[PDB]
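Residue numbers (UniProt numbering), protein chains in the order written: chain C, 16 to 172; chain G, 15 to 172; chain Z, 1546 to 1594; chain H, 823 to 870; chain F, 823 to 870; chain L, 3 to 151.
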Amino acid sequence: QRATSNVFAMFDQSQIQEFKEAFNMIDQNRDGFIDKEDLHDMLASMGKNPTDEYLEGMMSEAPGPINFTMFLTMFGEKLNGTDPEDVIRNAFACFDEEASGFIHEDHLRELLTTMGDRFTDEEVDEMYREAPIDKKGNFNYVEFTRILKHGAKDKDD
Amino acid sequence: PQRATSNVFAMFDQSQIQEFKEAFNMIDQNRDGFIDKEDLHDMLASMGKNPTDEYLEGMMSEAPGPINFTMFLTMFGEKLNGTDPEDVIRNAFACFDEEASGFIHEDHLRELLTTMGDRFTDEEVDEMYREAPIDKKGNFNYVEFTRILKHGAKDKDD
Amino acid sequence: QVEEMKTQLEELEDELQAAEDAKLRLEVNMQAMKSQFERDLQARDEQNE
Amino acid sequence: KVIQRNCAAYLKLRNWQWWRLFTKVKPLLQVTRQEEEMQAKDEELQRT
Amino acid sequence: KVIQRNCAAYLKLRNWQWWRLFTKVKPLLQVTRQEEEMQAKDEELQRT
Amino acid sequence: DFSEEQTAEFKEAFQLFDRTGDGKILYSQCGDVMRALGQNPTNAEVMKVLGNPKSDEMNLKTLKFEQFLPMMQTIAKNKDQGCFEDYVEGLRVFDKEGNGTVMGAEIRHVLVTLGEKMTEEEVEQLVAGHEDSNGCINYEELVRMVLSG
Ligand SMILES: [Mg+2]
Ligand SMILES: [Mg+2]
C-alpha cells in the first residue's frame, strides 16, 4: 500500500476546497505524490526559472509520506490555534480608540517592543521593513491583518 | 416490476453521480478505480476510530469482490425509487394546512397519516415518533423534518 | 426481446410515475399559488377598506 | 396520502436498511460547496 | 496578552515560512479563478 | 344496468369510503356518495330505502356493496325531476323589490323557519360562489351555479 495515515482534524473548512483545487492543478498526471518532473516543468510555465535543486531537497525531507490527505496533516501540524482576522482586528482595536489603522509607530514600539514581552527590537523591525508603513508613519492594522492572513505578497514570477 | 435497474440509474438527475464519483475518488486511496480493504479501513478510519466490526467485508460481500465504479453507482441506484426532492414535499405540506406554519398536531398528524390512504399500522408509524424530533404541545414541525428526510440535515454526527 | 421489453417496462413506469406525480403535485401547487394570490387580493381589499 | 405515504415508507425502510452508506454522506456537503456558492451568488445578485 | 500570544506566533512562522518554501507563488495560485468569486461576494456584501 | 364502468365507479367510491373498515358501509356514507354521484333526491328516501325508520344506531347501520347496486337503480329511476321555473317563481314571490337589494337576512330566516334543517356552517358557507355581496343576486346566477353539478 501507500502506507500513510494520521489523526484527522479540521482547521479551516473554507480552505480545504482551495487546497484540493491546488492539489488537482499541480497533479496533472493524477498521482497523488509530489514529483520533480511534474512540478518543476509546470512551475517554469508561469514561473521564471526554479531550476535550483532546493525542490529535490524539499522532496527529500522524508521518505515517501506524500499523499493528498496528509497535505492537511502537515499544515495543521505546523500551525495550531489560529483566530480569524476580524476578531483579531477587534483585539488590535482594543487599545487604540481610533481603530482606523492610525496606530502610531511609537505607540507600537513602546508597548510591544519593551513592556509586556521583553524581547529585542529586531523581532519587530521585519514588520517595520517588510510590511508597508501607514500614512504619517502609523500602523495600518487593517491591511496589516490582511497581510497576516492572506495579503502577504512576494515574488510571484 | 422487475426492479433490476438494467440501465445505470438513468431515472434520476446526474448531479448525484458527480457527487458519487467524488466520494469514490476520496475513498479510493489506492485510486485504482476499485474499493479495497486497504481503501476503506483507512479512509473510514480518517473520521472513524478503526472499527472492529467487519462490515466493509459486508460491502465486499454484498457485491462480491472489489466493486467497480458502476457497481457502486448501481447499488445506490437500486436504493432510490418512489421519492422526489424537497420541493414537492414542501409544497404538499404547504397545501394540506393553509396556515403553513407546520403545526401538525399529534392527533391531526396520526389522523392524516395512519387512517386514510394505504392502510398501515400505527405501531410502525410510531417510528416517526420515537426517532424523528416532534415539536412540543402536539404540533409537529415539517421544515426540519423535510431537511432530515433529505440530505440537508442530520439528527446527529459521528 | 424480453430484455428490451422489460427495459421499456422500467423506463416507461419510471417516467410515468415521475410525470404524473409531478403533474398532480403541480396542480396542487397551482391551487396553493392561486390561494396565495387571493390572499394578496384580500390584502389589497383591506387596504382599500 | 398516496405520494407522501409512498415517500415516507421508502425513507423509513431505508432509514436503516443502508444506514452506514447513508452515513458516509458527510463529504457531500464539502463537495457541493462550489456549486452552492455559485448559485447563492446568482440569487443574491438578483436580490441586490 | 491575548494580542501577544498569537500575533508574534504567526510572525514567528513568517520567520519559518515553510509554506513559502514550496508555494512562493501561493498568491498566484490563489488568484487563478477563486479570487474572482471572493471579490464578488465581498463587494456584494459591502454594497448591501 | 350500464356497463361495468359504473360498477367500477361504485367500487372506487367503496375503497374511497373505507374508513372504519372498507367492507361495511354506513347509510350516511352511501347516501352522501350516491347524492354526490349525480342524484339530487335524498331528502325523504331514507324510508324508501331502509323500509324501517330506525335511525338510532350510528355505529352499525348495516349495508353491503352487493345489495347496494340495485338500491342505486331504484333511486336513479328519477322519482322526481323539477326545473328552475318553479324555483325562480318561488324566490321572486319571496323577493321584495324584484331585484334583490339585500337578501342576506331573509334567506337565513326562511331556511331557519323550516323544520327539516341540519346545518348552519353551510348557511354561512353559501357566501362563496358569487354570493358575496349583500344578497346582490336576483337568484338567477345562484340557480345557474347550483344547477351545474
Ligand atoms: Mg502528481
Ligand atoms: Mg483501490
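Every residue gets a Cβ at the ideal spot worked out from N, C-alpha and C, and that includes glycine.
- The Cβ of residue 60 of chain G sits closer than 7 Å to at least one Cβ of chain C.
- By the C-beta criterion, the region 1550 to 1570 of chain Z is judged to be in contact with the region 93 to 105 of chain G, since at least 3 inter-stretch pairs fall below 8 Å.
- Sequence-distant partners of residue 35 of chain L (beyond 5 residues in either direction) whose C-beta falls short of 7 Å from its own C-beta, in its chain, are 15 and 19.
- Taking residue 44 of chain L as the centre and dropping the five residues before and after it, the same chain places the C-beta of 33, 36 and 37 closer than 8 Å to its C-beta, in chain order.
- By the CB criterion at 7 Å, residue 106 of chain C and residue 114 of chain C fall outside the cutoff.
- Rounded to the nearest angstrom, the gap between the Cα atoms of residue 27 of chain G and residue 104 of chain G is 19 Å.
- Here the alpha carbon of residue 1562 of chain Z sits roughly 56 Å from the alpha carbon of residue 51 of chain C.
- Put simply, of L/39, L/61, L/46 and L/57 the residue whose alpha carbon is nearest the alpha carbon of residue 26 of chain L is L/61.
- If you check the C-beta of residue 83 of chain C against ligand 2, you find no heavy atom less than 6 Å away.
- Look at the beta carbons and you see the region 158 to 170 of chain C touching the region 842 to 856 of chain F: at least three pairs across the two are nearer than 8 Å.
- The Cβ of residue 865 of chain F sits no closer than 7 Å to any Cβ of chain H.
- For residue 20 of chain G, the closest Cβ of chain Z is nearer than 7 Å.
- The distance from the Cβ of residue 54 of chain L to that of residue 104 of chain L is about 45 Å, inconsistent with a contact at the 8 Å cut-off.
- Taken through DSSP and simplified to helix, strand or coil, residue 122 of chain C comes out as helix.
- In terms of side-chain proximity, the C-beta atom of residue 56 of chain G is found no nearer than 6 Å to any non-hydrogen atom of ligand 2.
- Boundaries of the alpha helix (DSSP H) around residue 11 of chain L: 6 to 18.
- Under the 7 Å criterion on CB atoms, residue 28 of chain C is classed as non-interfacial with respect to chain G.
- Residue 145 of chain L and residue 825 of chain H have their C-alpha atoms roughly 38 Å apart.
- A residue is called buried when at least 16 other Cβ atoms come within 10 angstroms of its Cβ; residue 25 of chain C does not meet this threshold and is exposed.
- Every residue whose beta carbon comes nearer than 5 Å to a heavy atom of ligand 1 appears here in chain order: C/42, C/46 and C/53.
- Residue pairing for residue 153 of chain C: DSSP places it in a beta bridge opposite C/119.
- Pairwise C-beta distances place the region 56 to 64 of chain G out of contact with the region 145 to 164 of chain G, as fewer than three of them are shorter than 8 Å.
- Between residue 132 of chain G and residue 827 of chain H, the gap from beta carbon to beta carbon is short of 7 Å.
- Burial is judged here by how many other beta carbons sit within 10 angstroms of a residue's own beta carbon; residue 843 of chain F has fewer than 16 and is exposed.
- For residue 1558 of chain Z, the neighbours in chain G by C-beta distance under 7 Å run, in chain order, 15.
- For residue 35 of chain L, the uninterrupted alpha helix (DSSP H) segment begins and ends at 29 to 38.
- Proximity of chain F to residue 108 of chain C at the Cβ level (cut-off 8 Å) is not reached, the minimal Cβ distance being about 10 Å.
- In this structure, the CA atom of residue 30 of chain G is about 29 Å from the CA atom of residue 116 of chain G.
- Listed in chain order, the non-local C-beta contacts of residue 134 of chain G below 8 Å within the same chain comprise 128, local neighbours out to five positions each way being set aside.
- Spatial neighbours of residue 112 of chain L in its own chain (CB-CB distance under 7 Å, excluding positions within 5 residues in sequence) are listed in chain order as 96.
- Taking a C-beta distance under 7 Å as the contact criterion, residue 833 of chain H and residue 163 of chain G qualify as a contact pair.
- Between residue 42 of chain G and residue 20 of chain C, the C-beta gap is not smaller than 7 Å, which leaves the two residues out of contact.
- Remark: C-beta atoms of residue 49 of chain G and residue 81 of chain G approach each other more closely than 7 Å.
- An exposed status is given to residue 46 of chain G, since fewer than 16 other beta-carbon atoms sit within 10 Å of its beta-carbon.
- At a threshold of 6 Å, residue 48 of chain C does not count as near ligand 2, since its beta carbon sits no closer than that to any of the ligand's heavy atoms.
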